[PDB]
Amino acid sequence: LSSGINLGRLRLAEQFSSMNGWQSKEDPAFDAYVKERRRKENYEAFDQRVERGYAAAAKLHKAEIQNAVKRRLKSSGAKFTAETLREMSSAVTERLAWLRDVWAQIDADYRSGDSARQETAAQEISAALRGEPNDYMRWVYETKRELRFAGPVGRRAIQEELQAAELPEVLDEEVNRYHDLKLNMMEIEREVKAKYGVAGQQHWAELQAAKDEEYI
Amino acid sequence: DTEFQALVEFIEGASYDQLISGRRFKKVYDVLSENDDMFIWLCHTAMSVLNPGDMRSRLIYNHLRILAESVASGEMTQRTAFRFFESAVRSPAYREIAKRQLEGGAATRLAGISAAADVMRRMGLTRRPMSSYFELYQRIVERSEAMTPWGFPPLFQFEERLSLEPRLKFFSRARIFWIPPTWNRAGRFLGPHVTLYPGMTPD
Amino acid sequence: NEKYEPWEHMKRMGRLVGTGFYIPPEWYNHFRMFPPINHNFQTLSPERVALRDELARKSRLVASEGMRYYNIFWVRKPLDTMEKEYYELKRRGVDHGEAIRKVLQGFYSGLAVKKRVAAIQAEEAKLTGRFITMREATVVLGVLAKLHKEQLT
Amino acid sequence: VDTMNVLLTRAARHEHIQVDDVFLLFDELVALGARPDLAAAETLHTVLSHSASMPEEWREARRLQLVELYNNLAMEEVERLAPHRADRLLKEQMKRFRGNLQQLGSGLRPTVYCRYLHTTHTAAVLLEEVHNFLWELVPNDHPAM
Amino acid sequence: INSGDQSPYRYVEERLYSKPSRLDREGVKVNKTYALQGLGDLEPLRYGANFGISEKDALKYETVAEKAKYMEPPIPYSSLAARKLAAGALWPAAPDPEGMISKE
Amino acid sequence: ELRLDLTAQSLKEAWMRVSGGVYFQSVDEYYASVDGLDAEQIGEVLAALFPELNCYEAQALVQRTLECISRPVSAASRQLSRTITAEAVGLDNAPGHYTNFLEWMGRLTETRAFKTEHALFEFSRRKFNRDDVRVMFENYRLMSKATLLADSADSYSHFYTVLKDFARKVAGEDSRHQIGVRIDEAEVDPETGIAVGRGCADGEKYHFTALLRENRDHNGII
Amino acid sequence: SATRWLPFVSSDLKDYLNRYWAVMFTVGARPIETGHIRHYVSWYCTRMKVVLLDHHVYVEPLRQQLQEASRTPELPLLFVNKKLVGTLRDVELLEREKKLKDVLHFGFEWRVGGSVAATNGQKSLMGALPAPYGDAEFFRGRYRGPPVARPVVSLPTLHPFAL
């Protein structure tokens, strides 16, 4: 079938066959395509460490949204249909767009030239690369739970304060997953022995005494 | 930084024992070789010999790219991925594309493996962010899948059976291969539980 | 073995996801859109050749056994003229064997005339004693060289 | 000498260095007990020919040092390759020393030639070196017999 | 390698290619360390970690026909296979030809 | 090689004197690999300033001037042409793409990460003795935990500090030194010129002490 | 099976190459050089067709065509995958360079630079990286390697064709 689409595919196949026919200043349509692609790439690219930190944070956010959908389907007992997959993919893509809009600021601060901006951006990149989660996400989960459990005056106050602050669309299952986690004992012990001194050690000793009394 | 932790525990153990033991070196040989960069480089060396203008090559390229991203994500195990790779490699279309690229003369597989190293750097398919270029240098300057004329490692598991028959001299002509137990004296430790392989001696 | 196959693995993953209590990985939906690649469902003209064979076989016996003439020069023009004489006789369409007889008689006449011309020129070159061919020249310069090698001994 | 060979090369290829500090480094290493060889001498000869911003008395001072250095290097390898009967190898070394000094606008000293001729073993190389000696004082466009 | 009242060739052969050696490589808790611990590219490709033959999966089969029936196909390529390909150690070098010289 | 690098460096800063300060290279002119001077402009300079200069030496000079303006000159593509031939990769009728790759791979070799990845490779191939491990122990103990965190922010700085001595060894005959026998100082009497040496055999039975002095009249005897 | 068994013979060289994987054209007067190629090919378990040119019906067609594929008039010649391997000086070179495995099995020769015959233990690069500015000879205190031993006199060989 010698048609327009087939002949176009044939000349495209013989064009990119060798190395010669597709280089710079040889074919104008491919040059315009690569010019538009490099034009978009000049605007929407980051620094390489910013891209690595964004990749780690995007992996964490994708895993957290998938865990939220798992928790919802585990609690409800329903099945994983194509509609839940569509919802999960839409939530993941909008969270990745929000993370791009967040990390644009970190890329701007890493490429600003000021000392404090670059050091805070390097701190954010090093926190993202080690796998340490954000405190902004903790504040977002806590204010979503407090928006859930407040009355209508407090609900209207939180909804009117945070209507212009571009907050991520967080499901209820993420807040429930953050809330239902047990707290670490040794981190609380380190905080109570760093914030308070020998009084903190005596308080932890009487706490362990109460623990061993409840063991009896 | 688990490889650096294995390196420093090797250093401290070998300085504590005042000798280079086998346990410590086996541990750091296992930590330095748990990376899945080998199969990703297999998929990308198979993708390098394709044609960016051909639609069938675009299908094979997207299939092997999805396969490499599935291995790098850890969602697909190694053996089923090797089955997918050997099914994509043994196809007559891929061998036809490799033969066309061989008969061309100004082949575009070097730019293929270079863009493959850049993609493995960008997508985070490696353990360290600049290890893909040294692995590219290792594939080029040594005998590997990059210097094969078809783009896969030259083992007989990645070649068709109709080409395996008239060349090689195997057990009987006209899967897993075993020694039949009529051979009671084959070697010193050779027996029926010892498998054999057509184009290599793994011993 | 066919029980470990990418199509069989894709079918197993599809009927595993179709329960609703298994979560599909990304490669399942990415292989539904990009399926694995399957191996299944895939001179001279001959009449002129025979003419030149017959004419060469019949001229070889005339020139070698018939004429005893081995130093023949420029044979391509007698062969092409008997070829074109055969084509001129095939224009009128007389016969096949009789045309070969007539072109062989013309070829014999041409070879005999060339032999007599060479004999006349050689006879007039030997009678006058003033002219000498190139083969006699190189054979003279070879035998005097060998006589000087005898003088070296 | 491997200290001096890698210091004279990789400082000449440095960007912000001055050419007198290369020769100041060479005077320090030869004062610290490093023998100059043919490799380090050619790098100083190249950095001298690529130095014209310095005054002409500085260029002639380092030219007389390089003439003395090539003459001492020629005398040292004559005494070193004499007992090995390496006159074919010593011929290519003296040809390299003749080529290095003719680019410097000078020639080998006759004290080096009188030592070189007394250690020759073949008569063909004996007559060829006085042939090179007579052609080193005159230019190549000179008439001859 | 310490011999221990044995020939060293047969001792290294027993420590490399015997059944308790490869089962100690797979992990069985045999008597005392029948396999060599630290080997780099000198380890045989039969007993690599990324290879497709594991004797712990093969101990539950009582017959060679059951091993040919139920076991998975082996993994073709590995990192040690890549190093042996780069070294050319996939097939041994041909010795001197003993077919036509003599039997001395 | 030293002639052409010093000639190319001479033309680079002479161009910087006449240009007058800054010179910024954008993305698109980097992709075309055009620096401030064209090959027509540099070849016009070498013909005008240098009278005695042949054809193949002049085009060799314009090759080094283009690469010295962009980066420092790295002699690595000449070595890569010997170990990697053209027909092995598949570029026989593309000499321009072959030489564009050889300097792309050559400048990728000279980095800190490439020397680090080669050292971690040779560490896995078992090419170290007990002497290499002991010096790596001293290089790790000199780093503190504050110094380690500054080096672990980069992916290769904490690896390279341990493997700095090992990367010098595995680099080949360019940087690995021989051990060599001991060369001590001469212990000679300044007044008599007598050096003393000892020799022993059978433990206690045969003990000898030799005094050695230089004879200038060539009548030496033992 | 479906057709009676017939010995294959042809007057063309490429009819032998398109039929068999490994073809060798020997003579009966050269028994040693064909026996070494028989040892090398059977070591890698490769099916081989040996054509003894003595008592053949198409000698002068085949002796002319072997002069065009290989410029030397040397017999025997090994032909693998419609290509020319060559005589014993070419087969022993691929065995020494560890290239005879992939030539016989897969029909291609490794174009990788560097030799794998001279190896110490396992094979790595160990200085294959390009040195800055060259100068591999001007380091006089460089690492020269282990001391290599050389024979004083040549021992008597067992056979003239022992190799």
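Residues numbered from 1 in each chain as written, not as in the entry; some residues may be left out. Chains lettered and ligands numbered in written order. Part of a larger assembly, values for the part shown. Heavy atoms only, no water. Residues with missing side-chain atoms left out of burial classes, pairs and counts.

- Structure determination for the deposited model, as stated in its record, used cryo-EM, and the stated resolution is 3.3 Å.

**What to know about the interface of chain G and chain B**
- Contacts between the two partners involve 23 residues from chain G and, on the opposite side, 19 residues from chain B.
- Remark: the boundary between chain G and chain B carries one salt bridge.
- Between G:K123 and B:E142 there is a salt bridge; the shortest N-O distance is 3.6 Å.
- Here chain G is connected to chain B by eight residue pairs in polar contact.
- Split by residue class, the side of chain G that touches chain B holds 12 nonpolar, four polar and seven charged. (Contact = heavy atoms within 4.5 Å. Salt bridge = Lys/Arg side-chain N within 4 Å of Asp/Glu carboxyl O. Polar contact = N/O pair within 3.5 Å; in protein donor to acceptor, adjacent residues only side chain to side chain. Nonpolar A, V, L, I, M, F, W, Y, C, P; charged D, E, K, R; others polar.)

**Here's the deal with the arrangement of the chains**
- A minimum C-alpha distance of 21 Å separates chain A and chain G, which share no contact.
- Spatially, chain C is disjoint from chain G: no contact exists, and the shortest C-alpha separation is 19 Å.

**Regarding the interface of chain B and chain E**
- With 38 residues of chain B at the interface, the matching set in chain E holds 41 residues.
- Between chain B and chain E, roughly 3700 Å² of surface is buried when both sides are summed, and carbon and sulfur atoms account for 62% of that area.
- The interface formed by chain B and chain E holds three salt bridges in total.
- There are 11 residue pairs in polar contact connecting chain B and chain E.
- Those elements that place two or more of their residues in the side of chain B that touches chain E are α2 (22-31), α3 (37-48), α5 (78-89) and β2 (195-196) of chain B.
- For the side of chain B that touches chain E, the element with the most residues is α2(B), which contributes five residues. (Buried area = accessible area lost by both parts, 1.4 Å probe. Helix = DSSP H or I, 4+ residues; strand = E, 2+ residues; numbered from the N terminus.)

**Notes on the packing of aromatic side chains**
- Tallied over the entire structure, the rule returns 44 aromatic pairs over all chains.
- Here the aromatic rings of B:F39 and B:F85 are separated by 5.8 Å at their centres, their planes lie at 70 degrees, and the arrangement is edge-to-face. On the criterion of sequence distance, the pair formed by B:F39 in helix α3 and B:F85 in helix α5 is long-range, its members being 46 residues apart.
- Among the residues examined, B:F39 registers a relative accessible area of 0% and is labelled buried.
- Both rings, one in D:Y70 and one in D:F97, keep their centres 6.0 Å apart while their planes meet at 70 degrees; by these two values the pair is edge-to-face. One end of the pair, D:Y70, is in helix α4 (residues 56-80); the other, D:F97, is in helix α5 (residues 87-102), and 27 residues separate them in sequence. With respect to burial, D:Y70 and D:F97 carry one shared label: buried.
- Through a chain of ring-to-ring contacts, the aromatic side chains of B:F10, B:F25, B:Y29, F:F123 and F:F128 assemble into a single cluster. (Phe/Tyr/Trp six-rings, centres within 6.5 Å; stacked < 30°, edge-to-face > 60°. Buried < 20%, exposed > 50% of the residue type's maximum accessible area, 1.4 Å probe, protein only.)

**Description of the nonpolar core**
- Counting 116 residues, the largest nonpolar core has B:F39, B:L67, B:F85, B:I140 and E:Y77 as its most contacted members.
- What B:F85 contacts, discounting residues up to four positions off in sequence, is B:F39, B:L42, B:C43, B:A46, B:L64, B:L67, B:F152 and B:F158.
- The next biggest cluster of nonpolar side chains, apart from the first, holds 36 residues, and it includes D:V19, D:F26, D:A40 and F:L6. (Core = buried A, V, L, I, M, F, W, Y, C linked by side-chain atoms within 4.5 Å.)

**Comments concerning the pattern of salt bridges**
- The final tally for this structure, using the stated rule, is 66 salt bridges over all chains.
- For the salt bridge of F:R107 with F:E103, the shortest nitrogen-to-oxygen distance reads 3.4 Å. Residue F:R107 and its partner F:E103 are located together in helix α7 (residues 95-109), separated by four residues, close to a single helical turn.
- Judged by its relative accessible area of 30%, F:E103 falls in the partly exposed class.
- For the salt bridge of G:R30 with G:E33, the shortest nitrogen-to-oxygen distance reads 2.8 Å.
- Taking the relative accessible area as the measure of exposure, G:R30 reaches 34% and is therefore partly exposed.
- When salt bridges that share partners are traced, they join B:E3, B:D37, B:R127, B:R128 and F:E117 into one network.

**Looking at the sheet that holds strand β1 (residues 22-26) of chain G**
Residue and element names in this part refer to chain G.
- If you walk across this open sheet you meet the four strands as β2-β1-β3-β4, and the pairing is mixed. This sheet does not close on itself; its edge strands, each paired only once, are β2 (49-52) and β4 (83-86). Between one strand and the next, the sheet's axes are offset by a mean angle of 25 degrees, whatever the strand orientation.
- Both strand β3 (residues 77-80) and β4 contribute to a ladder of three bridges, which runs antiparallel. (Pairing = 2+ DSSP bridges. Axes fitted to C-alpha atoms, helices over the stretch in contact; angles between N-to-C directions.)

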